[PDB]
Structures are given as C-alpha cells and as structure tokens.
>>> print(open('final-v6.tsv').read())   # TSV, C-alpha atoms and all ligand atoms
chain	number	residue	atom	x	y	z
C	70	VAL	CA	71.15	-35.20	-46.12
C	71	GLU	CA	69.04	-38.34	-46.78
C	72	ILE	CA	65.33	-37.46	-46.98
C	73	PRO	CA	63.05	-39.97	-45.19
C	74	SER	CA	60.00	-41.42	-47.05
C	75	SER	CA	57.78	-39.57	-44.54
C	76	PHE	CA	58.20	-36.64	-42.18
C	77	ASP	CA	55.80	-34.95	-39.75
C	78	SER	CA	56.91	-31.74	-37.97
C	79	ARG	CA	54.42	-32.57	-35.14
C	80	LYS	CA	56.43	-35.76	-34.35
C	81	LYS	CA	59.94	-34.19	-34.63
C	82	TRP	CA	59.13	-31.18	-32.34
C	83	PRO	CA	56.23	-32.21	-30.05
C	84	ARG	CA	57.12	-29.65	-27.36
C	85	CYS	CA	56.11	-26.94	-29.89
C	86	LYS	CA	52.31	-27.12	-29.51
C	87	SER	CA	51.68	-24.51	-32.27
C	88	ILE	CA	52.69	-27.13	-34.89
C	89	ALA	CA	49.61	-29.33	-34.17
C	90	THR	CA	47.20	-26.34	-33.75
C	91	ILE	CA	44.62	-25.76	-36.53
C	92	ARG	CA	43.29	-22.21	-36.78
C	93	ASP	CA	40.27	-20.59	-38.48
C	94	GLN	CA	40.59	-17.42	-40.64
C	95	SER	CA	36.75	-16.98	-40.36
C	96	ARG	CA	34.85	-14.75	-42.88
C	97	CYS	CA	38.09	-13.02	-44.04
C	98	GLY	CA	40.59	-13.60	-46.88
C	99	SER	CA	43.45	-13.62	-44.34
C	100	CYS	CA	44.88	-17.03	-45.40
C	101	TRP	CA	48.16	-15.21	-46.28
C	102	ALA	CA	48.44	-13.96	-42.66
C	103	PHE	CA	47.40	-17.31	-41.08
C	104	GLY	CA	49.96	-19.41	-42.97
C	105	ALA	CA	52.59	-16.80	-42.00
C	106	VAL	CA	51.89	-16.49	-38.24
C	107	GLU	CA	51.39	-20.28	-37.93
C	108	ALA	CA	54.77	-21.12	-39.54
C	109	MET	CA	56.45	-18.20	-37.66
C	110	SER	CA	55.02	-19.54	-34.34
C	111	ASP	CA	56.35	-23.04	-35.20
C	112	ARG	CA	59.78	-21.80	-36.27
C	113	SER	CA	60.18	-19.40	-33.30
C	114	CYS	CA	59.72	-22.42	-30.98
C	115	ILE	CA	61.78	-24.94	-33.04
C	116	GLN	CA	64.74	-22.58	-33.65
C	117	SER	CA	64.85	-21.37	-29.96
C	118	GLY	CA	64.90	-24.94	-28.56
C	119	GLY	CA	61.37	-24.38	-27.13
C	120	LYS	CA	62.18	-21.07	-25.32
C	121	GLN	CA	59.79	-18.99	-27.57
C	122	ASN	CA	56.67	-21.20	-27.21
C	123	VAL	CA	54.01	-18.73	-28.42
C	124	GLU	CA	50.95	-18.30	-30.62
C	125	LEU	CA	51.56	-15.25	-32.82
C	126	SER	CA	48.64	-12.86	-33.58
C	127	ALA	CA	47.02	-13.21	-37.04
C	128	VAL	CA	45.13	-9.92	-36.48
C	129	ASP	CA	48.32	-7.89	-35.72
C	130	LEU	CA	49.85	-8.95	-39.08
C	131	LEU	CA	46.51	-8.72	-41.00
C	132	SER	CA	45.64	-5.24	-39.70
C	133	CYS	CA	49.07	-3.55	-39.48
C	134	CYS	CA	51.14	-4.71	-42.50
C	135	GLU	CA	50.65	-1.96	-45.21
C	136	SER	CA	52.89	-3.73	-47.80
C	137	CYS	CA	51.11	-7.15	-47.51
C	138	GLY	CA	48.05	-6.21	-49.65
C	139	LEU	CA	44.35	-5.71	-48.84
C	140	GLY	CA	43.79	-7.32	-45.36
C	141	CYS	CA	40.55	-9.41	-45.43
C	142	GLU	CA	40.46	-8.89	-49.27
C	143	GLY	CA	43.72	-10.91	-49.64
C	144	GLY	CA	47.49	-10.48	-49.41
C	145	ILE	CA	51.10	-11.39	-50.46
C	146	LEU	CA	53.57	-13.82	-48.70
C	147	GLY	CA	56.98	-12.15	-49.14
C	148	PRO	CA	55.94	-8.93	-47.41
C	149	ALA	CA	54.36	-10.83	-44.47
C	150	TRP	CA	57.73	-12.50	-43.70
C	151	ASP	CA	59.56	-9.14	-44.21
C	152	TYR	CA	57.10	-7.54	-41.69
C	153	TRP	CA	57.97	-10.28	-39.12
C	154	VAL	CA	61.71	-9.52	-39.61
C	155	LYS	CA	61.41	-5.71	-39.48
C	156	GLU	CA	58.48	-4.93	-37.09
C	157	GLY	CA	57.72	-8.34	-35.56
C	158	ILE	CA	54.31	-9.73	-34.53
C	159	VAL	CA	52.69	-9.82	-31.05
C	160	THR	CA	51.00	-12.85	-29.44
C	161	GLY	CA	47.30	-13.70	-29.78
C	162	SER	CA	45.10	-16.82	-29.83
C	163	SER	CA	41.72	-17.58	-31.43
C	164	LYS	CA	38.63	-15.53	-30.47
C	165	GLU	CA	37.30	-18.46	-28.34
C	166	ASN	CA	40.60	-18.84	-26.33
C	167	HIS	CA	40.99	-15.02	-25.95
C	168	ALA	CA	44.69	-15.32	-24.89
C	169	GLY	CA	47.78	-13.22	-25.60
C	170	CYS	CA	48.13	-9.60	-26.62
C	171	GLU	CA	45.74	-9.47	-29.63
C	172	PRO	CA	43.44	-12.48	-30.02
C	173	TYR	CA	41.57	-12.92	-33.32
C	174	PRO	CA	38.28	-10.91	-33.44
C	175	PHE	CA	36.31	-13.29	-35.71
C	176	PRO	CA	34.51	-16.54	-34.83
C	177	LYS	CA	34.93	-20.07	-36.22
C	178	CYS	CA	32.74	-20.94	-39.24
C	179	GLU	CA	32.40	-23.75	-41.81
C	180	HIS	CA	34.25	-23.18	-45.12
C	181	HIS	CA	32.01	-24.97	-47.71
C	182	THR	CA	31.84	-28.17	-45.59
C	183	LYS	CA	29.50	-29.73	-43.00
C	184	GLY	CA	30.02	-29.51	-39.26
C	185	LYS	CA	29.26	-28.02	-35.87
C	186	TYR	CA	30.05	-24.30	-36.60
C	187	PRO	CA	27.81	-21.78	-38.41
C	188	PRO	CA	28.43	-21.61	-42.18
C	189	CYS	CA	30.92	-18.90	-43.17
C	190	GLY	CA	28.70	-17.85	-46.11
C	191	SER	CA	29.75	-15.48	-48.93
C	192	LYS	CA	30.16	-12.10	-47.07
C	193	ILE	CA	33.53	-11.01	-45.57
C	194	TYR	CA	34.25	-8.81	-42.57
C	195	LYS	CA	35.89	-5.39	-42.89
C	196	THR	CA	39.64	-5.55	-42.17
C	197	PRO	CA	40.19	-4.73	-38.46
C	198	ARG	CA	42.03	-1.49	-37.56
C	199	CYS	CA	45.71	-1.66	-36.49
C	200	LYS	CA	45.01	-1.15	-32.72
C	201	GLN	CA	48.59	-1.51	-31.28
C	202	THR	CA	47.06	-2.32	-27.84
C	203	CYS	CA	47.08	-5.58	-25.85
C	204	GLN	CA	43.82	-6.78	-24.27
C	205	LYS	CA	43.25	-5.39	-20.73
C	206	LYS	CA	44.16	-8.71	-18.92
C	207	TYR	CA	47.52	-9.01	-20.78
C	208	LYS	CA	50.12	-7.06	-18.75
C	209	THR	CA	52.84	-6.57	-21.44
C	210	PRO	CA	52.63	-3.41	-23.59
C	211	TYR	CA	52.02	-4.08	-27.32
C	212	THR	CA	55.52	-3.02	-28.53
C	213	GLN	CA	57.22	-5.18	-25.84
C	214	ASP	CA	55.25	-8.31	-26.93
C	215	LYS	CA	56.69	-8.21	-30.50
C	216	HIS	CA	58.48	-11.38	-31.75
C	217	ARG	CA	60.84	-10.76	-34.72
C	218	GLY	CA	62.70	-12.83	-37.26
C	219	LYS	CA	66.27	-12.35	-38.51
C	220	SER	CA	65.82	-13.41	-42.18
C	221	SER	CA	63.12	-14.21	-44.73
C	222	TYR	CA	63.47	-15.96	-48.05
C	223	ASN	CA	61.72	-17.76	-50.87
C	224	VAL	CA	62.54	-21.49	-51.04
C	225	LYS	CA	63.72	-22.95	-54.39
C	226	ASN	CA	60.99	-24.61	-56.55
C	227	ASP	CA	62.59	-28.06	-56.03
C	228	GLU	CA	60.97	-30.94	-54.08
C	229	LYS	CA	64.16	-32.02	-52.26
C	230	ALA	CA	65.08	-28.38	-51.37
C	231	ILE	CA	61.59	-27.90	-49.80
C	232	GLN	CA	61.86	-31.24	-47.88
C	233	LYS	CA	65.37	-30.30	-46.59
C	234	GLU	CA	64.11	-26.84	-45.49
C	235	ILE	CA	61.11	-28.25	-43.55
C	236	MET	CA	63.05	-31.02	-41.79
C	237	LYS	CA	65.95	-28.68	-40.73
C	238	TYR	CA	64.16	-25.40	-39.92
C	239	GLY	CA	60.42	-26.28	-39.60
C	240	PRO	CA	57.10	-25.80	-41.40
C	241	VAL	CA	56.93	-23.35	-44.35
C	242	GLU	CA	54.21	-21.14	-45.81
C	243	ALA	CA	53.18	-21.97	-49.39
C	244	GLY	CA	50.72	-20.65	-51.97
C	245	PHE	CA	48.72	-22.70	-54.50
C	246	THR	CA	45.95	-22.20	-57.04
C	247	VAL	CA	42.47	-23.11	-55.65
C	248	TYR	CA	40.10	-24.66	-58.21
C	249	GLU	CA	36.40	-25.26	-57.49
C	250	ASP	CA	36.94	-28.99	-56.74
C	251	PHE	CA	39.20	-28.10	-53.75
C	252	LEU	CA	36.00	-26.86	-51.98
C	253	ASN	CA	34.63	-30.49	-52.26
C	254	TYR	CA	37.68	-31.99	-50.49
C	255	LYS	CA	36.78	-34.29	-47.58
C	256	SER	CA	39.87	-36.57	-47.30
C	257	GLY	CA	42.66	-38.28	-49.23
C	258	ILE	CA	45.30	-36.97	-51.67
C	259	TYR	CA	44.03	-33.90	-53.55
C	260	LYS	CA	44.79	-33.15	-57.22
C	261	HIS	CA	42.94	-30.77	-59.57
C	262	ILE	CA	40.44	-32.74	-61.70
C	263	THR	CA	37.39	-30.42	-62.20
C	264	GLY	CA	36.39	-26.78	-61.83
C	265	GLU	CA	37.67	-23.33	-62.69
C	266	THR	CA	40.11	-21.15	-60.70
C	267	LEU	CA	38.98	-19.32	-57.51
C	268	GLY	CA	42.37	-17.60	-57.09
C	269	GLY	CA	45.18	-18.35	-54.70
C	270	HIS	CA	45.29	-19.80	-51.19
C	271	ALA	CA	48.11	-19.75	-48.61
C	272	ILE	CA	48.69	-22.71	-46.28
C	273	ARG	CA	51.38	-24.26	-44.03
C	274	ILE	CA	53.35	-27.37	-45.19
C	275	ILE	CA	54.29	-29.51	-42.14
C	276	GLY	CA	55.66	-32.68	-43.80
C	277	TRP	CA	55.22	-35.36	-46.45
C	278	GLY	CA	54.49	-39.04	-46.95
C	279	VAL	CA	53.41	-41.69	-49.43
C	280	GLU	CA	50.36	-43.93	-49.57
C	281	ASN	CA	49.75	-46.72	-52.13
C	282	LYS	CA	52.93	-45.41	-53.96
C	283	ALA	CA	51.37	-41.88	-54.28
C	284	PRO	CA	53.63	-39.16	-52.81
C	285	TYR	CA	52.01	-36.24	-50.99
C	286	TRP	CA	52.62	-33.08	-48.97
C	287	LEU	CA	50.98	-32.89	-45.51
C	288	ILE	CA	49.40	-29.44	-45.08
C	289	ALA	CA	47.58	-27.51	-42.33
C	290	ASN	CA	44.64	-25.48	-43.67
C	291	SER	CA	43.19	-22.48	-41.69
C	292	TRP	CA	39.49	-23.53	-42.03
C	293	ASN	CA	39.13	-25.14	-38.53
C	294	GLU	CA	39.29	-28.82	-37.51
C	295	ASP	CA	35.99	-29.83	-39.20
C	296	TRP	CA	37.46	-29.18	-42.68
C	297	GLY	CA	39.32	-32.02	-44.44
C	298	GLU	CA	41.41	-34.48	-42.38
C	299	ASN	CA	40.86	-32.86	-38.90
C	300	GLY	CA	41.92	-29.49	-40.45
C	301	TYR	CA	44.73	-30.91	-42.64
C	302	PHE	CA	44.87	-32.05	-46.26
C	303	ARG	CA	47.24	-34.00	-48.50
C	304	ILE	CA	48.14	-32.94	-52.08
C	305	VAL	CA	50.19	-34.67	-54.80
C	306	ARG	CA	53.95	-34.03	-54.32
C	307	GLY	CA	56.66	-33.76	-56.99
C	308	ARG	CA	54.66	-32.45	-60.03
C	309	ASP	CA	54.14	-28.77	-58.91
C	310	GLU	CA	50.41	-29.64	-58.53
C	311	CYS	CA	48.41	-26.34	-58.47
C	312	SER	CA	51.85	-24.57	-58.16
C	313	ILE	CA	52.33	-26.02	-54.62
C	314	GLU	CA	56.17	-26.19	-55.04
C	315	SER	CA	56.53	-22.70	-56.64
C	316	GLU	CA	55.38	-20.19	-53.94
C	317	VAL	CA	57.15	-21.45	-50.78
C	318	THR	CA	58.35	-18.74	-48.31
C	319	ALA	CA	59.87	-18.98	-44.83
C	320	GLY	CA	62.45	-17.39	-42.54
C	321	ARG	CA	64.59	-17.87	-39.45
C	322	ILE	CA	65.00	-16.18	-36.03
C	323	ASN	CA	68.85	-16.64	-36.16
C	401	LIG	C1	42.90	-16.40	-48.54
C	401	LIG	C2	42.33	-17.62	-49.29
C	401	LIG	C3	40.83	-17.56	-49.15
C	401	LIG	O1	40.37	-16.82	-48.31
C	401	LIG	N1	39.96	-18.27	-49.96
C	401	LIG	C4	40.23	-19.24	-50.97
C	401	LIG	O2	41.34	-19.61	-51.24
C	401	LIG	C5	38.98	-19.67	-51.56
C	401	LIG	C6	38.00	-19.00	-50.93
C	401	LIG	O3	36.67	-19.01	-51.08
C	401	LIG	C7	36.11	-19.85	-52.12
C	401	LIG	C8	38.51	-18.04	-49.88
C	401	LIG	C9	38.10	-16.60	-50.24
C	401	LIG	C10	43.14	-15.23	-49.60
C	401	LIG	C11	41.88	-14.71	-50.32
C	401	LIG	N2	44.13	-15.47	-50.71
C	401	LIG	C12	45.16	-14.61	-50.90
C	401	LIG	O4	45.34	-13.68	-50.14
C	401	LIG	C13	46.18	-14.89	-52.03
C	401	LIG	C14	47.46	-15.43	-51.36
C	401	LIG	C15	48.61	-15.92	-52.25
C	401	LIG	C16	48.22	-17.31	-52.78
C	401	LIG	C17	49.98	-15.89	-51.54
C	401	LIG	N3	46.38	-13.65	-52.79
C	401	LIG	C18	45.36	-12.92	-53.38
C	401	LIG	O5	44.15	-13.23	-53.41
C	401	LIG	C19	45.87	-11.64	-54.04
C	401	LIG	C20	46.21	-10.55	-53.02
C	401	LIG	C21	46.47	-9.13	-53.58
C	401	LIG	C22	47.71	-9.04	-54.49
C	401	LIG	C23	46.53	-8.10	-52.45
C	401	LIG	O6	44.85	-11.10	-54.88
C	401	LIG	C24	44.46	-11.71	-56.00
C	401	LIG	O7	44.99	-12.72	-56.45
C	401	LIG	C25	43.32	-10.89	-56.60
C	401	LIG	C26	43.95	-9.68	-57.37
C	401	LIG	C27	44.26	-8.46	-56.47
C	401	LIG	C28	45.24	-10.05	-58.16
C	401	LIG	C29	45.93	-8.89	-58.88
C	401	LIG	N4	42.20	-10.66	-55.63
C	401	LIG	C30	42.32	-9.76	-54.44
C	401	LIG	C31	41.52	-11.92	-55.21
C	402	NA	NA	36.55	-33.25	-41.79
>>> encode(input="final-v6.tsv", output="structure tokens")
Amino acid sequence: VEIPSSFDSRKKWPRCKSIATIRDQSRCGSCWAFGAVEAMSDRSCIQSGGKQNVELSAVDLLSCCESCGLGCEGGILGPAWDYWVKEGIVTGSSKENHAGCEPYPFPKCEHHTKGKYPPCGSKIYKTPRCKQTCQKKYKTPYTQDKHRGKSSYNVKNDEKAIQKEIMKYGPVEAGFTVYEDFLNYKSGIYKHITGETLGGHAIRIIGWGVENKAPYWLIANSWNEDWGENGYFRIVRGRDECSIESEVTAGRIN
C-alpha cells in the first residue's frame, strides 16, 4: 500500500467519537491502561463499522488486571491487550461525565503545565479495588457489559509497518522513554534535548505528518486537553526517538 505524507485517524473514521476524545489519568500512573482502553475503544468502533461505539473503562482494566503490573504504580502493555482478549473490558467515561458501567473515580488535574484544573502534584492515589459492579443507573450487569478482542500483538519496529497498521486497523498503543524536558512541552515537534530519564510513558498514536520537512507522529496524551496541543503532541518520526517505534502494541476484534 502507498503511505500518504499525512494521516489522521480522526479524519478517516469521524463516526468513531472515541478517536478525538482526550482523557485524563489523574494522580495515578495508569498511562498503560489509558493508552490501551483508548485504542481498544477506537478499534472496536473502526473494526465493527461503527456498531461498537463505546468508551471502555480505564478503571476496570487498571483495577482488575493482575498480570498488567502495579495499578496506579505503573504497568505493562502486552498483558493489557491480552486481558482485553481473554476477559474483556466494560464501558465507563471520565469522572465528570459519569457514564457507562464503571466511570473513572479520579478528577482532572494539570500534569506539570498551566491551566484551569487543580495541579496534579506529586502524590498518587491508591489503586482502586476491582469492584465488578456497574453504577446504579446503568442497567446492564458488569459481566454482560464486557467488550473483548480476538487477537493482540506487538507491531514490528519499522516506520512503514506502524503506518500501515494504523491506517488499516486504527490507532495503536505505544511506549516511550520520558525525559525531564518532555514535562516542559507546550507545542511543536518533540525530541529529547535535555534532562534525565523519568521512566516510561504509554500513549496512543493516531497518525503522522510532516512540517517544514520534519516528519512526526501525531499522538494523544492522557493528561487532559490543557496539556500540549489540545491534549495531543507531535514527536520526531523515523529515528526511534525515545524508543517511540519499539514498544507498539495493538489488537483486533476479528
Ligand atoms: C504512566 C506514565 C506516568 O504516569 N508518568 C510519566 O510518564 C511521567 C510522570 O511524572 C513525571 C508520570 C508518573 C506510568 C507510570 N508508566 C508506566 O506504567 C510504564 C509503561 C510502559 C512505558 C509500557 N511502565 C512502568 O513504569 C513499569 C511498570 C512495572 C513493570 C509494573 O515500571 C517501571 O518502569 C518501574 C520499575 C518497576 C521497572 C522494573 N517503576 C514502577 C516506575
Ligand atoms: Na496546551
């Protein structure tokens, strides 16, 4: 297939409203779970021709997956996608929207940036319990609200393979190494220039483009709409910048 110079999942599949939704992980190291349920929401809609148009629950995955790591203390991508295949994930929106089976329990906050929400600060919430119970107003039992995948896989560490995967099957989850200068990002095309490592982050790659001859990936962060470019960022593409091309994981419903 010929890869276009730019691609935006939001423009290819506009009926799938999850694709253009920015979430907030709040005071919790649940990035791994957010990138997962976001991309799973997108792909469930894309791959079902819009029939499964849902917002999957970050808290169900965060609180119930035993193999995915340490909940709000951080986690692992492969097992999150395996959990979606084997057990599935229920629906649930943000705390503020309070929709679906298990909405997120934690409020929006600013992640080392200025804006209209309280600062997140340095303390993290305890991982929520695995409650297995839909909110009172939601009239589907927890087990009957589960959305499952058929397959999960790592994507090859190859730029064209990642582009082909996104444009055929939808947004992917990806890990990268966060350095201190990432916390200063306001806009533009990120690359690591200063600062020491702060560990790994997990995000959702929705497309790609080029500006002034500089190729980039277009990425949804999970730090609310005040962060970066209305919740998104761009990062250098093609050079495995911060390992962005080396920890890509996704999956399919069929
Ligand atoms: C979400 C990302 C995040 O919350 N943050 C940042 O990226 C920068 C921040 O503040 C400055 C905040 C805290 C979480 C924390 N990141 C992760 O879960 C990564 C995800 C991968 C990139 C896929 N993984 C980890 O942090 C990982 C999880 C364990 C294996 C369960 O843990 C670590 O790397 C270490 C350590 C256990 C490694 C052996 N540790 C828990 C931070
Ligand atoms: Na901003």
>>> residues_around(input="final-v6.tsv", residues="segment 120-130 of chain C", least_positions_apart="4", cutoff="6 Å", atoms="only C-alpha atoms", output="PyMOL selection string")
chain C and resi 102-103+106+110+113-114+134+159-161+171+173
>>> closest_residue(input="final-v6.tsv", among="C:101, C:251, C:302, C:296", to="residue 274 of chain C", atoms="all atoms listed in the file")
C:302
>>> residues_near_ligand(input="final-v6.tsv", ligand="ligand LIG 401 (chain C)", cutoff="10 Å", atoms="only C-alpha atoms and all ligand atoms", output="NGL selection string")
:C and (94-105 or 136-147 or 149 or 180-181 or 189-193 or 242-249 or 251-252 or 266-272 or 290-292 or 312-313 or 316-318)
>>> closest_residue(input="final-v6.tsv", among="C:275, C:90, C:178, C:288", to="residue 238 of chain C", atoms="all atoms listed in the file")
C:275
>>> residues_near_point(input="final-v6.tsv", point="(33.0, -20.7, -33.3)", cutoff="10 Å", atoms="only C-alpha atoms", output="MDAnalysis selection string")
chainID C and resid 93 95 163:165 175:179 185:187 293
>>> write_last_selection(input="final-v6.tsv", atoms="C-alpha atoms", output="PDB file, in the frame of the given file")
ATOM      1  CA  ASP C  93      40.270 -20.590 -38.480  1.00  0.00           C
ATOM      2  CA  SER C  95      36.750 -16.980 -40.360  1.00  0.00           C
ATOM      3  CA  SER C 163      41.720 -17.580 -31.430  1.00  0.00           C
ATOM      4  CA  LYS C 164      38.630 -15.530 -30.470  1.00  0.00           C
ATOM      5  CA  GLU C 165      37.300 -18.460 -28.340  1.00  0.00           C
ATOM      6  CA  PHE C 175      36.310 -13.290 -35.710  1.00  0.00           C
ATOM      7  CA  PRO C 176      34.510 -16.540 -34.830  1.00  0.00           C
ATOM      8  CA  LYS C 177      34.930 -20.070 -36.220  1.00  0.00           C
ATOM      9  CA  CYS C 178      32.740 -20.940 -39.240  1.00  0.00           C
ATOM     10  CA  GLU C 179      32.400 -23.750 -41.810  1.00  0.00           C
ATOM     11  CA  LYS C 185      29.260 -28.020 -35.870  1.00  0.00           C
ATOM     12  CA  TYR C 186      30.050 -24.300 -36.600  1.00  0.00           C
ATOM     13  CA  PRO C 187      27.810 -21.780 -38.410  1.00  0.00           C
ATOM     14  CA  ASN C 293      39.130 -25.140 -38.530  1.00  0.00           C
TER      15      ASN C 293
END
>>> residues_near_ligand(input="final-v6.tsv", ligand="ligand NA 402 (chain C)", cutoff="10 Å", atoms="only C-alpha atoms and all ligand atoms", output="PyMOL selection string")
chain C and resi 182-184+254-256+293-302
>>> closest_residue(input="final-v6.tsv", among="C:278, C:264, C:240, C:218", to="residue 321 of chain C", atoms="only C-alpha atoms")
C:218
>>> atom_distance(input="final-v6.tsv", atom1="atom CA of residue 225 of chain C", atom2="atom CA of residue 319 of chain C")
11.0 Å
>>> atom_distance(input="final-v6.tsv", atom1="atom CA of residue 217 of chain C", atom2="atom CA of residue 84 of chain C")
20.6 Å
>>> closest_residue(input="final-v6.tsv", among="C:75, C:283, C:111, C:132", to="residue 197 of chain C", atoms="all atoms listed in the file")
C:132
>>> atom_distance(input="final-v6.tsv", atom1="atom CA of residue 304 of chain C", atom2="atom CA of residue 87 of chain C")
21.8 Å
>>> closest_residue(input="final-v6.tsv", among="C:224, C:237, C:322, C:210", to="residue 157 of chain C", atoms="only C-alpha atoms")
C:322
>>> residues_around(input="final-v6.tsv", residues="residue 229 of chain C", least_positions_apart="2", cutoff="10 Å", atoms="only C-alpha atoms", output="PyMOL selection string")
chain C and resi 70-72+225-227+231-235+307
>>> closest_residue(input="final-v6.tsv", among="C:91, C:287, C:131, C:154", to="residue 219 of chain C", atoms="only C-alpha atoms")
C:154
>>> build_atoms(input="final-v6.tsv", residues="segment 206-224 of chain C", atoms="N, CA and C atoms", output="tab-separated table (two decimals), keeping the file's coordinate frame")
chain	number	residue	atom	x	y	z
C	206	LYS	N	43.65	-7.70	-19.89
C	206	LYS	CA	44.16	-8.71	-18.92
C	206	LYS	C	45.63	-9.05	-19.21
C	207	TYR	N	46.14	-8.67	-20.38
C	207	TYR	CA	47.52	-9.01	-20.78
C	207	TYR	C	48.43	-7.85	-20.38
C	208	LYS	N	49.39	-8.13	-19.51
C	208	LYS	CA	50.12	-7.06	-18.75
C	208	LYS	C	51.50	-6.80	-19.34
C	209	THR	N	51.68	-7.03	-20.64
C	209	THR	CA	52.84	-6.57	-21.44
C	209	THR	C	52.35	-5.55	-22.45
C	210	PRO	N	52.99	-4.36	-22.55
C	210	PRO	CA	52.63	-3.41	-23.59
C	210	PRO	C	52.86	-4.01	-24.98
C	211	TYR	N	52.01	-3.62	-25.92
C	211	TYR	CA	52.02	-4.08	-27.32
C	211	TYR	C	53.44	-4.14	-27.90
C	212	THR	N	54.19	-3.03	-27.86
C	212	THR	CA	55.52	-3.02	-28.53
C	212	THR	C	56.47	-4.03	-27.89
C	213	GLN	N	56.31	-4.28	-26.60
C	213	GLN	CA	57.22	-5.18	-25.84
C	213	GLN	C	56.81	-6.64	-25.99
C	214	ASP	N	55.71	-6.92	-26.68
C	214	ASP	CA	55.25	-8.31	-26.93
C	214	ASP	C	55.66	-8.76	-28.34
C	215	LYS	N	56.35	-7.92	-29.10
C	215	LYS	CA	56.69	-8.21	-30.50
C	215	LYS	C	57.76	-9.31	-30.55
C	216	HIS	N	57.52	-10.30	-31.40
C	216	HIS	CA	58.48	-11.38	-31.75
C	216	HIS	C	58.95	-11.15	-33.19
C	217	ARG	N	60.25	-11.05	-33.39
C	217	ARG	CA	60.84	-10.76	-34.72
C	217	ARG	C	61.66	-11.91	-35.26
C	218	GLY	N	61.74	-11.96	-36.56
C	218	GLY	CA	62.70	-12.83	-37.26
C	218	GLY	C	64.00	-12.11	-37.57
C	219	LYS	N	64.98	-12.88	-38.02
C	219	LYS	CA	66.27	-12.35	-38.51
C	219	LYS	C	66.31	-12.32	-40.04
C	220	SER	N	65.77	-13.33	-40.71
C	220	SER	CA	65.82	-13.41	-42.18
C	220	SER	C	64.49	-13.94	-42.70
C	221	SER	N	64.22	-13.60	-43.96
C	221	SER	CA	63.12	-14.21	-44.73
C	221	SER	C	63.61	-14.51	-46.12
C	222	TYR	N	63.00	-15.51	-46.74
C	222	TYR	CA	63.47	-15.96	-48.05
C	222	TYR	C	62.39	-16.79	-48.73
C	223	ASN	N	62.45	-16.78	-50.05
C	223	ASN	CA	61.72	-17.76	-50.87
C	223	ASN	C	62.56	-19.04	-50.93
C	224	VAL	N	61.88	-20.16	-50.93
C	224	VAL	CA	62.54	-21.49	-51.04
C	224	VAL	C	62.50	-21.87	-52.52
